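Residue numbers begin at 1 in each chain, while the letters A, B, ... track the order of the sequences. Order of appearance sets the numbers: ligands from 1, and atoms from 1 within every ligand.
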4 protein chains.
Amino acid sequence: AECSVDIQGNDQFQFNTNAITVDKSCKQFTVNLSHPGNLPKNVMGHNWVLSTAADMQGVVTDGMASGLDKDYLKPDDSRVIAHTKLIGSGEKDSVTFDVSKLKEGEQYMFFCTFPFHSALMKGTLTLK
Amino acid sequence: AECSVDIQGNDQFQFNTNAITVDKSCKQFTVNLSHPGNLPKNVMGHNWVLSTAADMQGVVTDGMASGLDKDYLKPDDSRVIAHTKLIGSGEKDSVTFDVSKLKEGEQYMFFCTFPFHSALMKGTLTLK
Amino acid sequence: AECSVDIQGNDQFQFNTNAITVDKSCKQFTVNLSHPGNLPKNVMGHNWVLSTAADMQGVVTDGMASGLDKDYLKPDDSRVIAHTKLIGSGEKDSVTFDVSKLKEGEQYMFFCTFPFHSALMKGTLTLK
Amino acid sequence: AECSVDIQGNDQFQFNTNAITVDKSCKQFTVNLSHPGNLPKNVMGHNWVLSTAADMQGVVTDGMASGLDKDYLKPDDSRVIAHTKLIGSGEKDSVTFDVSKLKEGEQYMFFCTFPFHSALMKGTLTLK
Ligand SMILES: [Cl-]
Ligand SMILES: [Cl-]
Ligand SMILES: [Cu+2]
Ligand SMILES: [Cu+2]
Ligand SMILES: [Cu+2]
Ligand SMILES: [Cu+2]
Ligand SMILES: [Cu+2]
Ligand SMILES: [Cu+2]
Ligand SMILES: [Cu+2]
Ligand SMILES: [Cu+2]
């Protein structure tokens, strides 16, 4: 089974998927994020951030407040299972994480923490 | 706190929200669904269906198969916590359900079961 | 034929339609805009603004620069055929305009001028 | 200036852009379409089709009727300025066309002609 996904965030406040499936046979999983938009990261930056559903709101809320200089993530935030850096137009970044960090019966959300984006830039991540 | 939400499904494969919050002080909760599109229910029907996240895929899969005559829900499907009827252009329908049917620590999804719509017509429902 | 449309802008950077049809038999046309989101107008304000397609970019660009105090429209901007005020959570506003302001063979765009929203909050308006 | 764009259509009824700009200095322009979804072309096929805004509705309407076997385009449809083939999960296709086929003062639409998709799978194409 494939153990990676390519994700884009654009100038229209959108990721190109709202649902990621990680096959239970994967040992690692890689997200390759790119920004095919034209706007710079100070006005339209995106990241890809994974947390439990229960933790999403706190990660987004604390992240928003940290500013462009912290990639809109609270420093030393243990709620963050895995994440990319914040990118703007023409940039890309990849994150690989150990699938053993995910459990069944738990449900996960991915999202961007740039101010206000998560209302549309969010989706589910699930083992199967 | 408010204990109802107005939801629309349109001709563009979209609900007008992807996240519903039910205040923990509500005893009942009402969803008022409408279809401001122009297309009829045989080609662009929508419903609003609530289940646990774990049950969503089975409800959608079994529902799809039941046809326009069953409102695209498997008969006697106990996985369905609450739902509206399937509606087309110009129609509306409301459902009220007991908030005691929802628990904390559990996470819920709403979605439309008309064939293929749930890939975009879906969102989270959470107590708070 | 109907000569009005109800439009919503939400917390997810979206209008609930991307295509408005004005029947050629209408003498006036009314847009009723509402904001069913929770965010205030300083962070998630929306308006509904009509212009020719050729004029859209200049209206959006000049509008962005005018600030919350000008409802993000350049004062005395003759390019604006019709528009609502800028609204935030829980507010609504209606605009009525004369259909004789529109021509056939010309093509029109509607959009929100709040900073950056028009990349997703836009659509076509056409006589038929 | 760049004279190509990469476009995706997914399982969620979406292209990853709603606005294409063709630089006036381009002599040719290339669209590279891919389908990163999982669904096959009989249920979730996509193409990329360019026409004038005035011609869009007729191309979509006549195209819909032609069936999977005709890639949902009416044979010998002179309204089609350029187009890709219809693709499903895991497929890709590119089209190159002469920029001299486009004029200023005219306004263009791109869209998918698979049944009903164009309500969301559409956008503008403009010279600049
Ligand atoms: Cl979701
Ligand atoms: Cl458009
Ligand atoms: Cu494998
Ligand atoms: Cu973002
Ligand atoms: Cu109350
Ligand atoms: Cu539906
Ligand atoms: Cu009338
Ligand atoms: Cu807006
Ligand atoms: Cu060049
Ligand atoms: Cu399509």
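The 12-atom threshold is not exceeded at CG of B:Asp76, counting heavy atoms of other residues, nucleotides or ligands nearer than 6.0 Å.
With no hydrogens or angles considered, no side-chain donor-acceptor pair links C:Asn38 and C:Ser89 at under 3.5 Å. C:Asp98 and C:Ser100 are not linked by any side-chain donor-acceptor pair at a separation below 3.5 angstrom, with hydrogens and angles left out of the test. For the residue pair C:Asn32/C:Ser94, the side-chain donor-acceptor check at 3.5 Å is satisfied.
Taking 2.8 Å as the limit, the number of protein N, O or S atoms around the Cu ion (ligand 7) is 2. The tally of protein N/O/S atoms under 2.8 Å from the Cu ion (ligand 6) stands at 3.
Put simply, the side chain of B:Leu50 reaches to within 4.5 Å of the side chain of B:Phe97, judged on heavy atoms. Using a 4.5 Å heavy-atom cutoff, the side chains of B:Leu120 and D:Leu120 are in contact.
Between D:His117 and B:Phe13, the ring planes are perpendicular. Angles over 60° get that label, and only those under 30° would be called parallel. The aromatic rings of B:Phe15 and B:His46 sit tilted, their planes meeting at an angle between 30° and 60°.
For the side chain to side chain contact (heavy atoms under 4.5 Å, CB included) criterion with B:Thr113, the lone passing option out of B:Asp77, B:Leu73, B:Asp62 is B:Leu73.
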